[PDB]
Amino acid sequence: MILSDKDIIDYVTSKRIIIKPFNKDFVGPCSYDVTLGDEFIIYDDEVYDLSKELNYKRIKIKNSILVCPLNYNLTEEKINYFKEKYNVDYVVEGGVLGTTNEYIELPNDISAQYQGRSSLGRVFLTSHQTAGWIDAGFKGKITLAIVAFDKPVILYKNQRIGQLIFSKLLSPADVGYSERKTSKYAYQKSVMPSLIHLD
């Protein structure tokens, strides 16, 4: 049971789903188009040891970022070359965390899957790493995990990067995501790293 344009528009109209900011032009037949924020995270450790707290760097782009596939083997020279040639603000290799501009709130009877736009998929750019499931009760922005798999990709601030596909629950959740004490990522105001060391 998937929400259509009118269901989305009506659930928003009714304040039952929150989407801040909202643009009705981004409502498609059965999904809401979300946009890429200007804040990104890259991690800094040799390995991800999930028992530990992770070191990372935050960047804020002005207009654009070049995302290279892992093992592109970026030298300082290559970075400067790409910045000069393509006028991008940052060049990164492998995984970068991003965020939607949109802050969302889901009722205990709606769920969402975040999925990338096919336009991005068609250039081998992914925006979640087998994740994108948004629980009933969730409140926050959505953290994107971005990897290029063919060639470097230029992504622009505020571009449409993916889509929320909402679905009705059979029965509502007893305790929605944001009501749980265990929840790591509620009230997510920006791009947020992994907190798995809290398990």
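Each residue number is its position in the shown sequence, starting from 1.
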Revision key, fill the gap. Stretch with higher mean Cα temperature factor, 139-147 vs 162-170, is 162-170
Review point. Can you tell me which stretch has the higher mean Cα B-factor, 69-77 or 86-94?
Key: 69-77
Check your understanding: By the record's CA B-factor, is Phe26 among the lowest, middle or highest third of residues in the chain?
Key -> highest
Practice item. Would you mind ranking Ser127 by its C-alpha B-factor against the rest of the chain and naming the third, lowest, middle or highest? Key: lowest
**Study point:** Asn108 CA temperature factor, ranked by third within the chain
**Key:** highest
